[PDB]
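Worksheet: the structure to be examined is printed underneath.
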Amino acid sequence: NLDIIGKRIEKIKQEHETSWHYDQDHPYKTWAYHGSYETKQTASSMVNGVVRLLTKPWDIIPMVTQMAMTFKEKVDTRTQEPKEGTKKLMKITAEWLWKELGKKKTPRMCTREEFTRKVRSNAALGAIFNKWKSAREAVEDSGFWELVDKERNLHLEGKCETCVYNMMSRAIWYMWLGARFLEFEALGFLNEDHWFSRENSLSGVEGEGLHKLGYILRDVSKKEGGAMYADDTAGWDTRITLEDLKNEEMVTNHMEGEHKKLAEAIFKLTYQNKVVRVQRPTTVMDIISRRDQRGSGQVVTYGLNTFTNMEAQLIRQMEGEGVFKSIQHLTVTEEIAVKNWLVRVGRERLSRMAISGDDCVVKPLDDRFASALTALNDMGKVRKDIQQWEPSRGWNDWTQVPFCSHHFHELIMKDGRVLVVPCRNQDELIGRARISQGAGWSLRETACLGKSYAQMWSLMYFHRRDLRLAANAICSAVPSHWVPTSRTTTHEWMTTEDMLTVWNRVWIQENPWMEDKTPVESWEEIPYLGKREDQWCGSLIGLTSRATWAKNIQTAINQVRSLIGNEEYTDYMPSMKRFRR
Ligand SMILES: NC(=O)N1CCN(c2ccc(F)cc2)CC1
Ligand SMILES: [Zn+2]
Ligand SMILES: [Zn+2]
C-alpha cells in the first residue's frame, strides 16, 4: 500500500502545498483517494475540408455527418478474486505460454538511442508537454536523462517518485516521457522484437496489416472444428485482475541481471500499484490509486492484452474439451491433465486462434466451447451484449466473422487469382477520413492527410466502387509530389511511390497465399465486390446523388485545385474505365 505509492503521493502534495485539501464529497468507491489541488483546462475533432469537398453525397448521410460532432462509470467498478482452481489454471497456462513465446526470442533492454529515434519520427508514446515543449526537445537535453537516471536508481532500490498516470469505452493514461522511457527500457522488447508475431506466438497477428488478416482467418477456417467464435469482452482493460498482472510479470522469469530488476520494478511499482491524477469539475486534481486494471503505455498494453487473452481463450478451450471438471479446485490428477494437454496439443490450439489485444477469433475443436463459460466469467472476462450464462453464438462462414473492426470478402480476379480483402460499413470509412485531430493544420497539411486516407483506400478498399473513385479524385486534387502525413501512425500507403506499384508489391509479390507472381499492369485488372455486395456494405451506387457526383467529379477536383492554387497535379481519373474517355 502507501509505502510504494507514499513517496509519489508525498512529492505531489508539496508542489501544491497552497491547495492540498482532503475532499469529503469525493466520488470514488473503488479508487483509493488521497487529496486534491487547484487546476483549470479542457481537444475536439475538426473536419478535413479536402476530403469533405470530394465526398459531397455524404454531406446528407447522418451516420457520416454525426461522427464529426461533439465509460467512466466502468473505470470505478471492482472485479472479484477468481476461485483457487481458476488461479491454478491461469498460473499453469501463463508459465507454459511465456516459455513457448521465449523459445525463439531473447528478452533484452531497449535503449536511449532507440527511444530517441522513435520520438524523432512520431509514434503515440503518450507523454506530457511542463518543463520542455515536445518530447523531441527533452530527448536532446542531458537534464532529462539525469532525471531518468535518478528514477532508474530509485527503481533499482525498489522505490518510485515520478511514475504517475494522468486520466483523460476509452480511458487514456499519459505519463511524462521519463516514465515512458523506463517502461520502454524494460518491456519495449515485446513489441520491438515481435513476441506476438504469428510466427512466434501462433495465435497473435503483430505486424499483420488488414491485407493479411482475412487470409489468416481463412487459414483458421481450414481447421477441422465447430463454429468460429468472436466474443468481445465488456471493457477488457477494466477487467484485468491483480492475478492477471502477476501472471504477466512472470515474463521477468526469462530475464537476467539488471534487465530483470528493472522489469520487476515496472510491474511492482507502476502496474500492480498505480497513482493517477484526474480532472474533476466540482476543477480540482484527484490523486487516486488502485492495484488492478490495465494502466501501461498503449504498446505494452497491446502485448500484455494479447498474452492474457491467449491464456484465457486456451483455458476456455480446455473447459470445452473437459480437461478440468470444476474451477472451484483442481485435483492433482487435473493439474497433470492441464500440463499434459498444453505439452501435447498447446501449439495446435494456439493455431486455432487469431488474437489482437482484447480482440479474438477462436475455432475450437467443436461447439462445446459455446457453453464453456465458468472459467471465462470467473477470470472476470465477461462477454459484451449477451447474458452471462447464455451460450455464445458462433459464425458458420469465415467471411462474416468480425475482427479488428472489419469483415473479409473472397474476391476472384478475372485471371483466377484469389484476393482476401478487408471491409467495413462504408459510412464508417468516409466518416473517419473527414476528421482531423488537433489544431493549427495548414491547407497543405490538411491535403496531405486527405492523401493518406485516399492512398489507404486505394490499397485496402479498392474493391468498393465509391472509395476507388473518391481515392482517385483526392489524389488528383492534391499536388502529385506532396507527401502523405498522419500525426498518429503495416502502413504501406504512407509513400509517394505510384499506388499501382505498391498494390502489386503488397497483393502479389509479398503475398504468401498467391503462388502466381504475374504483375498487374492496370487498375482495370483489379476487381470490385459484386454491385449488390457493395450496396450491402454501404455503397451509394444506384442513387441520383452518387451518379451526379461521379459524372461531375472533375468539377469537384477543380474546386479543390483552385483552393490549393497553382501546383503540379496528375489526373488519376482515367485509371478507371468510365473516365478512360
Ligand atoms: N495486426 C494487428 O493486431 N492490427 C490491429 C489493429 N488493426 C486495425 C484495427 C482497426 C482498424 F480500423 C484498422 C486496423 C490492424 C491490425
Ligand atoms: Zn518510478
Ligand atoms: Zn463488406
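Just remember, in the C-alpha cells the first chain shown is A, the second B, etc., residues are 1-based per chain, and ligands are 1-based in the order shown.
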Quiz prompt | Test item, strand (DSSP E or B) assignment across range 353-570 of chain A, answer as a list in words | solution =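 Strand (DSSP E or B) assignments inside range 353-570 of chain A correspond to residues 353, 354, 355, 356, 359, 360, 361, 362, 383, 395, 403, 406, 407, 408, 409, 410, 411, 412, 418, 419, 420, 421, 422, 423, 435 and 436 of chain A.
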Quiz item: If we count only C-alpha atoms, what is near range 458-470 of chain A at a cut-off of 6 Å, once residues fewer than 3 positions away on the same chain are taken out, given as a PyMOL selection string?
Solution: chain A and resi 455+473+503+528-529
Could you dump the residues just selected with N, CA, C and O atoms as a tab-separated table (two decimals), in the first residue's frame?
chain	number	residue	atom	x	y	z
A	455	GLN	N	-4.86	7.13	-50.29
A	455	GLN	CA	-3.92	6.02	-50.60
A	455	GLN	C	-4.26	4.75	-49.79
A	455	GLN	O	-4.16	3.60	-50.36
A	473	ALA	N	-10.00	10.74	-57.01
A	473	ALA	CA	-10.34	12.17	-57.01
A	473	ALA	C	-9.43	12.93	-56.03
A	473	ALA	O	-8.91	13.97	-56.42
A	503	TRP	N	0.47	-1.59	-54.91
A	503	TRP	CA	-0.63	-2.60	-54.93
A	503	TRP	C	0.00	-3.95	-55.32
A	503	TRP	O	-0.22	-4.98	-54.63
A	528	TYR	N	-13.76	-5.35	-58.29
A	528	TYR	CA	-14.68	-4.83	-57.24
A	528	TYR	C	-15.47	-5.99	-56.62
A	528	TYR	O	-15.60	-7.06	-57.27
A	529	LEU	N	-16.07	-5.75	-55.44
A	529	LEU	CA	-17.17	-6.58	-54.92
A	529	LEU	C	-18.27	-6.62	-55.98
A	529	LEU	O	-18.37	-5.66	-56.80
Find the nearest atom pair between each residue of chain A and ligand 1 for residues within 9 Å, count only C-alpha atoms and all ligand atoms, give distances in Å to one decimal, sort rows by chain and ascending number, and present the table as a tab-separated table.
residue	atom	partner	partner_atom_place_in_ligand_line	distance
A:196	CA	ligand 1	3 (O)	8.9
A:197	CA	ligand 1	1 (N)	8.5
A:204	CA	ligand 1	3 (O)	7.5
A:205	CA	ligand 1	1 (N)	4.6
A:206	CA	ligand 1	1 (N)	4.6
A:207	CA	ligand 1	1 (N)	5.3
A:208	CA	ligand 1	1 (N)	4.1
A:209	CA	ligand 1	16 (C)	5.1
A:210	CA	ligand 1	15 (C)	5.6
A:212	CA	ligand 1	1 (N)	8.3
A:213	CA	ligand 1	1 (N)	7.1
A:302	CA	ligand 1	3 (O)	8.3
A:306	CA	ligand 1	3 (O)	9.0
A:355	CA	ligand 1	3 (O)	7.5
A:356	CA	ligand 1	3 (O)	4.4
A:357	CA	ligand 1	3 (O)	7.0
A:359	CA	ligand 1	3 (O)	8.7
A:403	CA	ligand 1	9 (C)	8.0
A:404	CA	ligand 1	9 (C)	4.3
A:405	CA	ligand 1	10 (C)	5.1
A:406	CA	ligand 1	12 (F)	7.0
A:424	CA	ligand 1	12 (F)	8.5
A:429	CA	ligand 1	12 (F)	8.6
A:490	CA	ligand 1	15 (C)	7.7
Selection as a tab-separated table (two decimals) with N, CA, C and O atoms, in the first residue's frame: residues within 12 Å of ligand 3 by only C-alpha atoms and all ligand atoms:
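Writing the result to out_7.tsv gives the following:
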chain	number	residue	atom	x	y	z
A	214	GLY	N	-7.45	-11.24	-43.29
A	214	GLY	CA	-8.50	-12.05	-43.89
A	214	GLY	C	-7.95	-13.41	-44.29
A	214	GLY	O	-8.62	-14.45	-44.03
A	399	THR	N	-16.16	-15.46	-43.72
A	399	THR	CA	-16.37	-14.15	-44.39
A	399	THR	C	-17.36	-13.27	-43.62
A	399	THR	O	-17.48	-12.08	-43.96
A	400	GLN	N	-18.05	-13.79	-42.60
A	400	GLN	CA	-19.00	-12.99	-41.78
A	400	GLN	C	-18.47	-12.80	-40.35
A	400	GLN	O	-19.18	-12.19	-39.54
A	401	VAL	N	-17.29	-13.34	-40.02
A	401	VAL	CA	-16.66	-13.16	-38.68
A	401	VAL	C	-16.17	-11.72	-38.55
A	401	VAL	O	-15.47	-11.23	-39.41
A	402	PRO	N	-16.55	-10.97	-37.48
A	402	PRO	CA	-15.95	-9.67	-37.21
A	402	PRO	C	-14.56	-9.82	-36.53
A	402	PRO	O	-14.41	-10.63	-35.61
A	405	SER	N	-12.42	-4.62	-36.22
A	405	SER	CA	-13.47	-3.71	-36.75
A	405	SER	C	-13.73	-3.94	-38.24
A	405	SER	O	-14.25	-3.02	-38.90
A	406	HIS	N	-13.45	-5.15	-38.76
A	406	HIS	CA	-13.64	-5.49	-40.19
A	406	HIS	C	-14.32	-6.86	-40.35
A	406	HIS	O	-14.40	-7.60	-39.35
A	407	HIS	N	-14.80	-7.13	-41.56
A	407	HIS	CA	-15.08	-8.49	-42.06
A	407	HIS	C	-14.27	-8.60	-43.36
A	407	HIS	O	-13.67	-7.58	-43.80
A	408	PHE	N	-14.20	-9.80	-43.92
A	408	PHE	CA	-13.29	-10.11	-45.05
A	408	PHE	C	-14.08	-10.79	-46.17
A	408	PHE	O	-14.84	-11.72	-45.90
A	409	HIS	N	-13.85	-10.35	-47.40
A	409	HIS	CA	-14.50	-10.88	-48.63
A	409	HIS	C	-13.48	-11.69	-49.43
A	409	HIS	O	-12.28	-11.30	-49.47
A	410	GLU	N	-13.90	-12.81	-50.01
A	410	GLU	CA	-13.12	-13.57	-51.01
A	410	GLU	C	-13.45	-13.04	-52.41
A	410	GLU	O	-14.62	-12.99	-52.79
A	411	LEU	N	-12.48	-12.54	-53.14
A	411	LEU	CA	-12.71	-11.80	-54.42
A	411	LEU	C	-11.83	-12.45	-55.47
A	411	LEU	O	-10.63	-12.62	-55.20
A	420	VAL	N	-8.15	-11.95	-50.65
A	420	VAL	CA	-8.99	-11.86	-49.44
A	420	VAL	C	-8.84	-10.46	-48.89
A	420	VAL	O	-7.75	-10.10	-48.47
A	421	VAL	N	-9.93	-9.69	-48.94
A	421	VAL	CA	-9.86	-8.21	-48.77
A	421	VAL	C	-10.60	-7.78	-47.52
A	421	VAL	O	-11.63	-8.36	-47.19
A	422	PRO	N	-10.10	-6.72	-46.85
A	422	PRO	CA	-10.75	-6.18	-45.66
A	422	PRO	C	-11.90	-5.27	-46.06
A	422	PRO	O	-11.83	-4.65	-47.11
A	423	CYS	N	-12.92	-5.17	-45.20
A	423	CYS	CA	-14.15	-4.40	-45.50
A	423	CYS	C	-14.81	-3.98	-44.19
A	423	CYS	O	-14.69	-4.69	-43.21
A	424	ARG	N	-15.48	-2.82	-44.21
A	424	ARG	CA	-16.39	-2.37	-43.13
A	424	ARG	C	-17.44	-1.44	-43.73
A	424	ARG	O	-17.29	-1.02	-44.91
A	425	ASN	N	-18.50	-1.16	-42.98
A	425	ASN	CA	-19.59	-0.30	-43.46
A	425	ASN	C	-18.92	1.01	-43.98
A	425	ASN	O	-18.13	1.62	-43.27
A	426	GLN	N	-19.25	1.42	-45.19
A	426	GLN	CA	-18.52	2.47	-45.93
A	426	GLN	C	-18.77	3.80	-45.26
A	426	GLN	O	-17.87	4.69	-45.34
A	427	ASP	N	-19.90	3.94	-44.56
A	427	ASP	CA	-20.15	5.24	-43.86
A	427	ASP	C	-19.06	5.45	-42.81
A	427	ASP	O	-18.68	6.60	-42.54
A	428	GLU	N	-18.63	4.38	-42.14
A	428	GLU	CA	-17.56	4.44	-41.11
A	428	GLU	C	-16.24	4.93	-41.74
A	428	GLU	O	-15.52	5.76	-41.11
A	429	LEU	N	-15.88	4.42	-42.91
A	429	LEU	CA	-14.62	4.80	-43.61
A	429	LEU	C	-14.66	6.27	-44.05
A	429	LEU	O	-13.72	7.03	-43.77
A	460	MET	N	-6.38	-0.84	-49.63
A	460	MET	CA	-7.14	-1.76	-48.76
A	460	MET	C	-8.59	-1.94	-49.24
A	460	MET	O	-9.12	-3.03	-49.05
A	461	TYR	N	-9.20	-0.88	-49.80
A	461	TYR	CA	-10.66	-0.79	-50.07
A	461	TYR	C	-10.91	-0.50	-51.55
A	461	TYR	O	-12.00	0.00	-51.89
A	462	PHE	N	-9.98	-0.88	-52.43
A	462	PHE	CA	-10.08	-0.67	-53.90
A	462	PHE	C	-11.35	-1.34	-54.45
A	462	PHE	O	-11.79	-0.97	-55.57
A	463	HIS	N	-11.82	-2.39	-53.76
A	463	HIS	CA	-12.98	-3.24	-54.18
A	463	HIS	C	-14.34	-2.54	-53.91
A	463	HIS	O	-15.38	-3.06	-54.30
A	464	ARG	N	-14.33	-1.40	-53.26
A	464	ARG	CA	-15.52	-0.55	-53.02
A	464	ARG	C	-15.54	0.53	-54.10
A	464	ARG	O	-14.63	1.41	-54.08
A	465	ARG	N	-16.57	0.54	-54.96
A	465	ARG	CA	-16.65	1.46	-56.11
A	465	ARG	C	-16.50	2.91	-55.66
A	465	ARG	O	-15.74	3.66	-56.31
A	528	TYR	N	-13.76	-5.35	-58.29
A	528	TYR	CA	-14.68	-4.83	-57.24
A	528	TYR	C	-15.47	-5.99	-56.62
A	528	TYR	O	-15.60	-7.06	-57.27
A	529	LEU	N	-16.07	-5.75	-55.44
A	529	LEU	CA	-17.17	-6.58	-54.92
A	529	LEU	C	-18.27	-6.62	-55.98
A	529	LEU	O	-18.37	-5.66	-56.80
A	530	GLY	N	-19.13	-7.65	-55.96
A	530	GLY	CA	-20.42	-7.59	-56.69
A	530	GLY	C	-21.16	-6.29	-56.37
A	530	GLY	O	-20.98	-5.76	-55.28
A	531	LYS	N	-21.92	-5.73	-57.31
A	531	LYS	CA	-22.66	-4.46	-57.11
A	531	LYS	C	-23.62	-4.56	-55.91
A	531	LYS	O	-23.71	-3.58	-55.16
A	532	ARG	N	-24.29	-5.70	-55.71
A	532	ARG	CA	-25.25	-5.84	-54.58
A	532	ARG	C	-24.47	-5.96	-53.26
A	532	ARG	O	-24.88	-5.33	-52.27
A	533	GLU	N	-23.37	-6.68	-53.23
A	533	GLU	CA	-22.48	-6.78	-52.03
A	533	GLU	C	-21.92	-5.40	-51.67
A	533	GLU	O	-21.88	-5.07	-50.49
A	534	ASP	N	-21.62	-4.57	-52.66
A	534	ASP	CA	-21.10	-3.19	-52.43
A	534	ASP	C	-22.18	-2.35	-51.75
A	534	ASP	O	-21.90	-1.67	-50.71
A	535	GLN	N	-23.42	-2.43	-52.23
A	535	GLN	CA	-24.58	-1.75	-51.62
A	535	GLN	C	-24.83	-2.27	-50.21
A	535	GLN	O	-25.00	-1.44	-49.27
A	536	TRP	N	-24.81	-3.60	-50.00
A	536	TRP	CA	-24.98	-4.20	-48.65
A	536	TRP	C	-23.95	-3.63	-47.65
A	536	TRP	O	-24.34	-3.33	-46.48
A	537	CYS	N	-22.72	-3.37	-48.12
A	537	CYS	CA	-21.64	-2.82	-47.25
A	537	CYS	C	-21.60	-1.30	-47.34
A	537	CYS	O	-20.59	-0.70	-46.90
A	538	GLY	N	-22.69	-0.67	-47.77
A	538	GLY	CA	-22.94	0.78	-47.63
A	538	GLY	C	-22.69	1.64	-48.87
A	538	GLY	O	-22.79	2.89	-48.70
A	539	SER	N	-22.37	1.08	-50.06
A	539	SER	CA	-22.20	1.86	-51.32
A	539	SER	C	-23.45	2.72	-51.61
A	539	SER	O	-24.55	2.21	-51.41
Quiz item: Neighbours of ligand 2 within 10 Å, counting only C-alpha atoms and all ligand atoms, as number ranges by chain?
Solution: A: 4-5, 8, 148, 150-156, 158-164, 178-180, 182-183, 265-266, 269-270
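Among the candidate residues A:235, A:35, A:281, A:416, the one lying nearest to residue 76 in chain A is A:235, with distances computed using only C-alpha atoms.
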Practice problem: Can you pull out every residue within 7 Å of residue 252 in chain A, counting only C-alpha atoms, but drop anything in the same chain fewer than 6 positions away, and send it as JSON, numbers by chain? | Solution: {"A": [260, 263, 264]}
Please, which residues in range 175-264 of chain A fall within 10 Å of range 364-383 of chain A when counting only C-alpha atoms, and what is the closest atom pair and distance in Å to one decimal for each, ordered by chain then residue number, as a Markdown table?
| residue | atom | partner | partner_atom | distance |
| --- | --- | --- | --- | --- |
| A:220 | CA | A:364 | CA | 9.9 |
| A:223 | CA | A:365 | CA | 8.6 |
| A:224 | CA | A:365 | CA | 7.0 |
| A:225 | CA | A:365 | CA | 4.4 |
| A:226 | CA | A:366 | CA | 4.1 |
| A:227 | CA | A:367 | CA | 6.5 |
| A:228 | CA | A:364 | CA | 7.4 |
| A:229 | CA | A:370 | CA | 7.8 |
| A:230 | CA | A:383 | CA | 10.0 |
| A:231 | CA | A:383 | CA | 6.1 |
| A:232 | CA | A:383 | CA | 5.8 |
| A:233 | CA | A:383 | CA | 4.5 |
| A:234 | CA | A:383 | CA | 5.7 |
| A:235 | CA | A:381 | CA | 8.8 |
| A:236 | CA | A:381 | CA | 6.9 |
| A:237 | CA | A:381 | CA | 9.9 |
| A:238 | CA | A:380 | CA | 9.4 |
| A:239 | CA | A:380 | CA | 5.7 |
| A:240 | CA | A:380 | CA | 7.6 |
| A:241 | CA | A:380 | CA | 7.6 |
| A:243 | CA | A:379 | CA | 9.0 |
| A:244 | CA | A:379 | CA | 8.6 |
Practice problem: Quick one: everything within 12 Å of residue 104 in chain A, counting only C-alpha atoms, minus sequence neighbours fewer than 6 positions away in the same chain. Send it as an NGL selection string. | Solution: :A and (98 or 193-197 or 199-201)
What does the file look like for those residues with C-alpha atoms, as a PDB file, in the first residue's frame?
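And here is the file that came out, selection.pdb:
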ATOM      1  CA  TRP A  98       5.899 -17.402 -21.528  1.00  0.00           C
ATOM      2  CA  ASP A 193      11.191  -7.904 -31.279  1.00  0.00           C
ATOM      3  CA  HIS A 194       7.692  -9.148 -32.328  1.00  0.00           C
ATOM      4  CA  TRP A 195       6.926 -11.584 -29.453  1.00  0.00           C
ATOM      5  CA  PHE A 196       3.222 -11.589 -30.612  1.00  0.00           C
ATOM      6  CA  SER A 197       4.009 -12.129 -34.354  1.00  0.00           C
ATOM      7  CA  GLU A 199       5.338 -16.954 -36.490  1.00  0.00           C
ATOM      8  CA  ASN A 200       6.400 -16.664 -32.814  1.00  0.00           C
ATOM      9  CA  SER A 201       3.036 -16.836 -30.860  1.00  0.00           C
TER      10      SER A 201
END
Quiz prompt | Exercise: residue 500 in chain A partners within 8 Å, only C-alpha atoms, chain neighbours under 4 positions left out, as an MDAnalysis selection string | solution = chainID A and resid 504 522:523
N, CA, C and O atoms of the current selection, written as a compact mmCIF listing (two decimals), in the first residue's frame:
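Written out: selection-v4.txt:
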# COMPACT_ATOMS: atom_id res chain seq x y z
N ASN A 504 0.77 -3.95 -56.40
CA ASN A 504 1.45 -5.18 -56.88
C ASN A 504 2.36 -5.75 -55.79
O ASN A 504 2.41 -6.98 -55.68
N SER A 522 -2.61 -2.72 -64.98
CA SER A 522 -3.50 -1.55 -64.82
C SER A 522 -4.51 -1.76 -63.68
O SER A 522 -4.79 -2.92 -63.31
N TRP A 523 -5.07 -0.66 -63.19
CA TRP A 523 -6.13 -0.73 -62.14
C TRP A 523 -7.36 -1.47 -62.68
O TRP A 523 -8.05 -2.09 -61.89
Exercise. Go through range 214-338 of chain A and collect every residue that DSSP, computed from the backbone, puts in alpha helix (DSSP H); the answer should be as a PyMOL selection string.
Key: chain A and resi 214-221+242-249+257-265+298-320+332-338
Practice problem: Please identify all polymer residues within 12 Å of range 65-68 of chain A, counting only C-alpha atoms, omitting same-chain residues fewer than 4 positions from it, and present them as a ChimeraX atom specification. | Solution: /A:44-48,52,55-61,427-437
Quiz item: Pick the closest to residue 121 in chain A from A:486, A:576, A:581, A:2: which is it, counting only C-alpha atoms?
Solution: A:486
Self-check item: Near-residue 551 in chain A list (12 Å; only C-alpha atoms; drop same-chain fewer than 5 positions) as number ranges by chain
Solution: A: 469, 473, 544-546, 556-557, 573, 578-579
Exercise. Considering only C-alpha atoms, state which residue in the set A:28, A:176, A:507, A:398 is at the smallest distance from residue 289 in chain A.
Key: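 Of A:28, A:176, A:507, A:398, the one nearest residue 289 in chain A, counting only C-alpha atoms, is A:28.
Closest to residue 566 in chain A among A:247, A:479, A:157, A:392 is A:479, based on only C-alpha atoms.
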Quiz prompt | Straight-line distance linking CA of residue 516 in chain A with CA of residue 418 in chain A, stated in Å to one decimal | solution = 10.4 Å
Quiz item: CA of residue 138 in chain A and CA of residue 126 in chain A are how many Å apart?
Solution: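 About the pair CA of residue 138 in chain A and CA of residue 126 in chain A: they are 14.1 Å apart.
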Quiz item: Using only C-alpha atoms, which residue out of A:73, A:10, A:149, A:515 lies closest to residue 287 in chain A?
Solution: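 Of A:73, A:10, A:149, A:515, the one nearest residue 287 in chain A, counting only C-alpha atoms, is A:10.
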